[PDB]
Every structure is written in C-alpha cells, then in structure tokens.
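Some notes on the structure that comes next.
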Amino acid sequence: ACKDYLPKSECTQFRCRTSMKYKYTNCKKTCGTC
C-alpha cells in the first residue's frame, strides 16, 4: 500500500506543513502518514 518514494532528501518536514500531496502520495511513510 505505502512504501518509500525516494531518499529522505526529497521528503522533508516542510511537506507535512503545506504539502498535502506529499503527506499522502509523495511521502508514504516519511511524512508519518503510513
């Protein structure tokens, strides 16, 4: 269902603040979604 999208450099905490897409689609586990 959810797995790593790419290295930690592409997904950051900034995404969990304004980027809804990253939280669910671009960041499967990194943004603390899965």
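Letters A, B, ... mark the chains of the structure tokens in the order given; residue numbers begin at 1 per chain; ligand numbers begin at 1, in order shown.
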Filtered DSSP result for chain A, state alpha helix (DSSP H), as a list in words: residues 13, 14, 15, 16, 17, 18, 20 and 21 of chain A
Could you write out that same residue set with C-alpha atoms as a PDB file, in the first residue's frame?
ATOM      1  CA  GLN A  13       9.103  18.213   7.348  1.00  0.00           C
ATOM      2  CA  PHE A  14       8.276  21.273   5.161  1.00  0.00           C
ATOM      3  CA  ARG A  15       5.981  18.987   3.155  1.00  0.00           C
ATOM      4  CA  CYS A  16       3.918  17.966   6.209  1.00  0.00           C
ATOM      5  CA  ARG A  17       3.242  21.671   6.861  1.00  0.00           C
ATOM      6  CA  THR A  18       1.921  22.939   3.487  1.00  0.00           C
ATOM      7  CA  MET A  20      -0.972  17.692   1.437  1.00  0.00           C
ATOM      8  CA  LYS A  21       0.092  15.725  -1.681  1.00  0.00           C
TER       9      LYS A  21
END
message: Need the shell around range 24-32 of chain A: protein/DNA/RNA residues with any atom at most 9 Å away, counting only C-alpha atoms. Skip same-chain ones fewer than 4 positions apart. Format as a PyMOL selection string?
response: chain A and resi 1-6+8+10-13+15-16+20
Restrict the selected residues to N, CA and C atoms and save them as an mmCIF file, in the first residue's frame.
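Result file again20.cif:
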data_model
loop_
_atom_site.group_PDB
_atom_site.id
_atom_site.type_symbol
_atom_site.label_atom_id
_atom_site.label_comp_id
_atom_site.auth_asym_id
_atom_site.auth_seq_id
_atom_site.Cartn_x
_atom_site.Cartn_y
_atom_site.Cartn_z
ATOM 1 N N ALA A 1 0.840 -1.225 0.000
ATOM 2 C CA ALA A 1 0.000 0.000 0.000
ATOM 3 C C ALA A 1 0.864 1.260 0.000
ATOM 4 N N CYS A 2 1.737 1.383 1.007
ATOM 5 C CA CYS A 2 2.628 2.540 1.132
ATOM 6 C C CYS A 2 4.074 2.084 1.355
ATOM 7 N N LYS A 3 5.003 2.682 0.602
ATOM 8 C CA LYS A 3 6.423 2.363 0.692
ATOM 9 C C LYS A 3 7.241 3.623 0.419
ATOM 10 N N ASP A 4 8.562 3.540 0.538
ATOM 11 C CA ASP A 4 9.403 4.720 0.310
ATOM 12 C C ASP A 4 9.309 5.236 -1.123
ATOM 13 N N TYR A 5 9.231 6.564 -1.241
ATOM 14 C CA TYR A 5 9.140 7.231 -2.537
ATOM 15 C C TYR A 5 10.532 7.449 -3.127
ATOM 16 N N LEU A 6 11.461 7.881 -2.273
ATOM 17 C CA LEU A 6 12.848 8.164 -2.668
ATOM 18 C C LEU A 6 13.662 8.502 -1.401
ATOM 19 N N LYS A 8 15.529 10.404 1.807
ATOM 20 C CA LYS A 8 14.973 11.378 2.761
ATOM 21 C C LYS A 8 15.123 12.831 2.274
ATOM 22 N N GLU A 10 14.284 14.083 -0.585
ATOM 23 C CA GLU A 10 13.129 14.523 -1.382
ATOM 24 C C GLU A 10 11.883 14.762 -0.522
ATOM 25 N N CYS A 11 11.816 14.132 0.661
ATOM 26 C CA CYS A 11 10.683 14.325 1.568
ATOM 27 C C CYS A 11 11.192 14.932 2.870
ATOM 28 N N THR A 12 10.682 16.117 3.200
ATOM 29 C CA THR A 12 11.093 16.835 4.403
ATOM 30 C C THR A 12 9.888 17.245 5.244
ATOM 31 N N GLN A 13 10.158 17.753 6.451
ATOM 32 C CA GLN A 13 9.103 18.213 7.348
ATOM 33 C C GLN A 13 8.313 19.371 6.720
ATOM 34 N N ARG A 15 7.078 19.565 3.921
ATOM 35 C CA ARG A 15 5.981 18.987 3.155
ATOM 36 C C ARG A 15 4.760 18.700 4.031
ATOM 37 N N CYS A 16 5.002 18.278 5.275
ATOM 38 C CA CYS A 16 3.918 17.966 6.209
ATOM 39 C C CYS A 16 3.206 19.233 6.697
ATOM 40 N N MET A 20 -0.053 18.794 1.141
ATOM 41 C CA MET A 20 -0.972 17.692 1.437
ATOM 42 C C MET A 20 -0.649 16.489 0.544
#
